[PDB]
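S.K.: Sharing a structure here in structure tokens format.
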Amino acid sequence: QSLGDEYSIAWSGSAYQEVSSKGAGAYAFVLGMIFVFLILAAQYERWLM
Amino acid sequence: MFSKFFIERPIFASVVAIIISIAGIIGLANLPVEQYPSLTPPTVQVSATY
Amino acid sequence: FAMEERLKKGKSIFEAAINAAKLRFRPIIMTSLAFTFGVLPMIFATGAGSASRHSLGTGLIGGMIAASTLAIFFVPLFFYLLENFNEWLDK
Amino acid sequence: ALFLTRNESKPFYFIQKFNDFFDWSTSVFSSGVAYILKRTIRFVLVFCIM
Amino acid sequence: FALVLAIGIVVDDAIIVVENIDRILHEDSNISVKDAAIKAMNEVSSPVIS
């Protein structure tokens, strides 16, 4: 708002890491459970349990 | 006999296949897409001034 | 299949080869044509990168045709000739 | 094993006609094999020519 | 490109197993559908693994 025309925002350290992280693995946690669901339905031999 | 353990347990077989498929889609998303593998000879340039 | 017929089923060298042929003809052709059809749109593909696709297509389609037609007739002959030779060696 | 049954019947006509032509080609192949087997040497020469 | 060529190859193994199950199913009315699979596997395991 106050430095937009001439100044450019830049980030260093942790801040650069956080802004550019675009981190994956949000789905990972769900995937872990899905994996568990499958290894279990093969032990149990029943999809429901 | 390995074949028949599966035949007696369809769910077990299905589970193994599903796991293979899932790992497959995770892998597909992760993999880079290029036109060709690297076939280009690597090049180093030495420059001098007289 | 022929080897099984000559070794454990109990058939002549000549009969094994033709009874092998009648039983295994359907699997061979099925699989052979599944491949040929799989590589058919290569040879017919037009667009960017068409030339590479076409070349790969032509070699494979022709090869498979030969393996599915000519080879299937000759391989039995080889089984006979070779197995007959093996029997002669045993004597 | 779980899904296939012998109860099934009435495949489509176009599929049936193709299968019949296939089953006649099966006999042609068998007859061809028999002829080739009898001509052990003429056909071996053909292989060399090829 | 390899994946395209693969489509044909990957179904080749599967076809050999279900082709034989069908044949056994039609040859023998008495054989139960699962018994077929076990019997078929005995016959085709060597062709597939090879």
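Each chain of the structure tokens is named A, B, ... in the order shown, its residues numbered from 1; ligands are numbered from 1 in display order.
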Could you work out which residues of chain C fall inside 10 Å of chain D? Count only C-alpha atoms, and format the result as a ChimeraX atom specification.
M.R.: /C:14-15,17-26,29,69,72-78,80-81
S.K.: What residues in chain D have any atom no more than 12 Å from chain B when counting only C-alpha atoms, and can you write them as a PDB file with C-alpha atoms, in the first residue's frame?
M.R.:
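What follows is the written file part02.pdb:
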```
ATOM      1  CA  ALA D   1     -13.329 -66.880 -10.579  1.00  0.00           C
ATOM      2  CA  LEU D   2     -15.506 -64.366  -8.786  1.00  0.00           C
ATOM      3  CA  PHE D   3     -17.309 -63.029 -11.857  1.00  0.00           C
TER       4      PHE D   3
END
```
S.K.: Name all residues at most 9 Å from residue 64 in chain C (count only C-alpha atoms; drop same-chain ones fewer than 6 positions away) and give them as a VMD selection string.
M.R.: chain C and resid 32 to 33 35 to 36
S.K.: Identify, on the basis of only C-alpha atoms, every residue whose closest approach to residue 4 in chain B does not exceed 10 Å; exclude the query and any residue fewer than 4 positions from it along the same chain; express the result as a ChimeraX atom specification.
M.R.: /B:8-9 /E:34-35,37-39,41-42
S.K.: Which residues are near range 19-26 of chain E? Cut-off 9 Å, only C-alpha atoms, ignore same chain within fewer than 5 positions. Put them as a list in words.
M.R.: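 Contacts, in chain order: residues 26 and 27 of chain C; 4, 5 and 6 of chain D; 14, 31, 32, 33, 36, 37, 39, 40, 41, 43 and 44 of chain E.
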S.K.: What lies within 9 Å of range 12-27 of chain B using only C-alpha atoms, ignoring chain neighbours under 3 positions off, as a list in words?
M.R.: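 Counting only the stated atoms, we get residues 31, 35, 38, 39, 41, 42, 43 and 45 of chain A; 6, 7, 9, 30 and 31 of chain B.
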S.K.: Please run DSSP on the backbone and report, as an MDAnalysis selection string, all residues within chain D that come out as alpha helix (DSSP H).
M.R.: chainID D and resid 13:38 40:49
S.K.: Any chance you could export the current selection's N, CA and C atoms as a tab-separated table (two decimals), in the first residue's frame?
M.R.:
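Saved to part31.tsv:
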```tsv
chain	number	residue	atom	x	y	z
D	13	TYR	N	-24.27	-60.83	-32.79
D	13	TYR	CA	-24.09	-61.53	-34.06
D	13	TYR	C	-22.77	-61.21	-34.76
D	14	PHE	N	-22.37	-59.94	-34.75
D	14	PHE	CA	-21.13	-59.57	-35.42
D	14	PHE	C	-19.94	-60.23	-34.73
D	15	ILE	N	-20.01	-60.39	-33.42
D	15	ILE	CA	-18.93	-61.05	-32.69
D	15	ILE	C	-18.91	-62.52	-33.06
D	16	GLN	N	-20.08	-63.13	-33.12
D	16	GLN	CA	-20.16	-64.56	-33.43
D	16	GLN	C	-19.57	-64.88	-34.79
D	17	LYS	N	-19.91	-64.09	-35.80
D	17	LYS	CA	-19.45	-64.37	-37.14
D	17	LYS	C	-17.94	-64.27	-37.22
D	18	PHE	N	-17.37	-63.34	-36.46
D	18	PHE	CA	-15.93	-63.16	-36.46
D	18	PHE	C	-15.26	-64.35	-35.80
D	19	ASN	N	-15.86	-64.85	-34.74
D	19	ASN	CA	-15.30	-66.00	-34.05
D	19	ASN	C	-15.33	-67.24	-34.92
D	20	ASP	N	-16.40	-67.42	-35.69
D	20	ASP	CA	-16.49	-68.56	-36.59
D	20	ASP	C	-15.39	-68.52	-37.65
D	21	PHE	N	-15.13	-67.34	-38.19
D	21	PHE	CA	-14.11	-67.23	-39.22
D	21	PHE	C	-12.80	-67.54	-38.55
D	22	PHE	N	-12.68	-67.16	-37.29
D	22	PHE	CA	-11.47	-67.47	-36.55
D	22	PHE	C	-11.31	-68.97	-36.35
D	23	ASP	N	-12.41	-69.66	-36.09
D	23	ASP	CA	-12.28	-71.08	-35.80
D	23	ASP	C	-12.01	-71.85	-37.07
D	24	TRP	N	-12.37	-71.29	-38.22
D	24	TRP	CA	-12.02	-71.96	-39.45
D	24	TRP	C	-10.55	-71.69	-39.75
D	25	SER	N	-10.05	-70.52	-39.39
D	25	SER	CA	-8.64	-70.24	-39.58
D	25	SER	C	-7.81	-71.15	-38.69
D	26	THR	N	-8.40	-71.61	-37.59
D	26	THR	CA	-7.70	-72.55	-36.71
D	26	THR	C	-7.43	-73.85	-37.44
D	27	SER	N	-8.40	-74.28	-38.24
D	27	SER	CA	-8.26	-75.53	-38.97
D	27	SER	C	-7.27	-75.34	-40.09
D	28	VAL	N	-7.28	-74.16	-40.71
D	28	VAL	CA	-6.33	-73.88	-41.77
D	28	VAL	C	-4.93	-73.94	-41.21
D	29	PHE	N	-4.74	-73.37	-40.03
D	29	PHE	CA	-3.43	-73.40	-39.41
D	29	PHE	C	-3.01	-74.83	-39.12
D	30	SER	N	-3.92	-75.63	-38.59
D	30	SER	CA	-3.59	-77.01	-38.25
D	30	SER	C	-3.22	-77.79	-39.50
D	31	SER	N	-3.99	-77.61	-40.57
D	31	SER	CA	-3.69	-78.29	-41.82
D	31	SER	C	-2.36	-77.83	-42.37
D	32	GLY	N	-2.10	-76.53	-42.26
D	32	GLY	CA	-0.85	-75.99	-42.76
D	32	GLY	C	0.31	-76.59	-42.00
D	33	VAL	N	0.17	-76.72	-40.69
D	33	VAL	CA	1.24	-77.28	-39.88
D	33	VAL	C	1.50	-78.71	-40.32
D	34	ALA	N	0.44	-79.47	-40.58
D	34	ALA	CA	0.62	-80.85	-40.98
D	34	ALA	C	1.37	-80.96	-42.30
D	35	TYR	N	1.02	-80.10	-43.25
D	35	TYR	CA	1.71	-80.11	-44.54
D	35	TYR	C	3.17	-79.76	-44.34
D	36	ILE	N	3.44	-78.70	-43.59
D	36	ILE	CA	4.81	-78.25	-43.38
D	36	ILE	C	5.62	-79.34	-42.70
D	37	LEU	N	5.01	-80.02	-41.74
D	37	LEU	CA	5.73	-81.06	-41.03
D	37	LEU	C	6.15	-82.17	-41.98
D	38	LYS	N	5.26	-82.56	-42.89
D	38	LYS	CA	5.60	-83.58	-43.86
D	38	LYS	C	6.73	-83.14	-44.78
D	40	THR	N	9.57	-81.64	-44.53
D	40	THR	CA	10.58	-81.17	-43.61
D	40	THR	C	11.70	-80.38	-44.26
D	41	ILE	N	12.10	-80.76	-45.46
D	41	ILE	CA	13.26	-80.13	-46.09
D	41	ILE	C	12.90	-78.99	-47.04
D	42	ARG	N	11.83	-79.10	-47.81
D	42	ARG	CA	11.48	-77.97	-48.65
D	42	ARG	C	11.32	-76.73	-47.80
D	43	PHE	N	10.63	-76.85	-46.67
D	43	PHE	CA	10.38	-75.67	-45.86
D	43	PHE	C	11.61	-75.17	-45.13
D	44	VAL	N	12.53	-76.06	-44.76
D	44	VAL	CA	13.76	-75.58	-44.13
D	44	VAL	C	14.54	-74.73	-45.13
D	45	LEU	N	14.52	-75.10	-46.40
D	45	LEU	CA	15.18	-74.30	-47.43
D	45	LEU	C	14.54	-72.93	-47.52
D	46	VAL	N	13.22	-72.88	-47.40
D	46	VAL	CA	12.50	-71.61	-47.46
D	46	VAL	C	13.01	-70.69	-46.36
D	47	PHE	N	13.29	-71.25	-45.19
D	47	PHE	CA	13.80	-70.46	-44.08
D	47	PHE	C	15.13	-69.84	-44.45
D	48	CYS	N	16.00	-70.61	-45.11
D	48	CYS	CA	17.29	-70.07	-45.54
D	48	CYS	C	17.13	-68.96	-46.56
D	49	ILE	N	16.23	-69.15	-47.51
D	49	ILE	CA	15.99	-68.13	-48.53
D	49	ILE	C	15.56	-66.87	-47.84
```
S.K.: Which residue is closest to chain C? Choose from E:3, E:48, E:9, E:17 and count only C-alpha atoms.
M.R.: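 For chain C, the nearest of the given residues is E:9.
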S.K.: Listing only residues of chain E within 9 Å of chain C, what is the closest atom pair and its distance in Å (to one decimal) for each, using only C-alpha atoms, sorted by chain and residue number ascending, as CSV?
M.R.:
```
residue,atom,partner,partner_atom,distance
E:1,CA,C:53,CA,7.6
E:4,CA,C:38,CA,6.6
E:5,CA,C:39,CA,5.9
E:6,CA,C:38,CA,7.9
E:7,CA,C:38,CA,6.1
E:8,CA,C:35,CA,3.8
E:9,CA,C:35,CA,6.1
E:11,CA,C:31,CA,7.4
E:12,CA,C:31,CA,5.0
E:13,CA,C:31,CA,8.3
E:15,CA,C:31,CA,6.9
E:16,CA,C:27,CA,5.8
E:19,CA,C:27,CA,6.8
E:20,CA,C:27,CA,8.3
E:43,CA,C:1,CA,8.8
E:47,CA,C:1,CA,8.7
```
